[PDB]
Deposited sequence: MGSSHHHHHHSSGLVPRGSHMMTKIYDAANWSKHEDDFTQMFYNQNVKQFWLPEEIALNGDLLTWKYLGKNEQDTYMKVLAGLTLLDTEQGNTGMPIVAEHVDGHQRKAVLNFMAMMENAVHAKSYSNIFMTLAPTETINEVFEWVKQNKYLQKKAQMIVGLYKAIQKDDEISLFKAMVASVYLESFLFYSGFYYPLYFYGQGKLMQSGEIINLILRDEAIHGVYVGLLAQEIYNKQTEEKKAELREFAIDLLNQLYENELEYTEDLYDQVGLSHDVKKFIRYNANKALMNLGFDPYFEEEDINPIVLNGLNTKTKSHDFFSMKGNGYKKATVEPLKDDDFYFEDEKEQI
């Protein structure tokens, strides 16, 4: 009942980072403190890693196991967006704002950062555990994918949105909003596929799947807290970002057909502002 409308929405949302000129951010970037620039680079690098794996691994593997040519076409399109559009856009931003050495250093930093490695290990592990014709392993990977789309990106998205909302780094911010617009529909779509599998189960099996989903969310959440503190303490925003990731965790649960898990909190209003030819017949020669 939904794939065709998602197909149409995905293809009509198609974009390339080159459509957005980035040289306009040069001055507002120059004006940020060293702490702010550091957090910003690292935040986008963490996002780049997530999209790299979502494009290389997550979306293609889910596409492989989901039945139906139209469902596969949507998932293939989403996969392309992840690595050919989203992951690449971050390099466009980096290449504009930062010198090569700072770019090299931040990519080295993703490799050695323990929270980013842990979250990649956990998410990609679940993708690679999918067994052919085994719907339960597929469900688990789809939960992981929804958590990546609708929860994990948001510790990263906070900062570009926070600046956009203050009228700073607005070209980079425009790119990020386009990425976010895509991930929102990706999270909903994968959520609907996960619910399909969940709804086939016995009540006992469903109870176990909810346990899996909630245990996984909590494990990812605890890691994301440490990641958030590590990045945002130097810019004074860790508590604010934490509220934002809890907000989005609830959206991820809802995409999976589950009740919200965290209590509602006031999000920084700045971040909220950041959001023809026919032949000639014989009679044609007579009048």
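Peer 1: Quick one: where does the model skip the deposited sequence?
Peer 2: Residues missing from the model, as numbered along the full deposited sequence, span 1-36, 312-331, 344-350.
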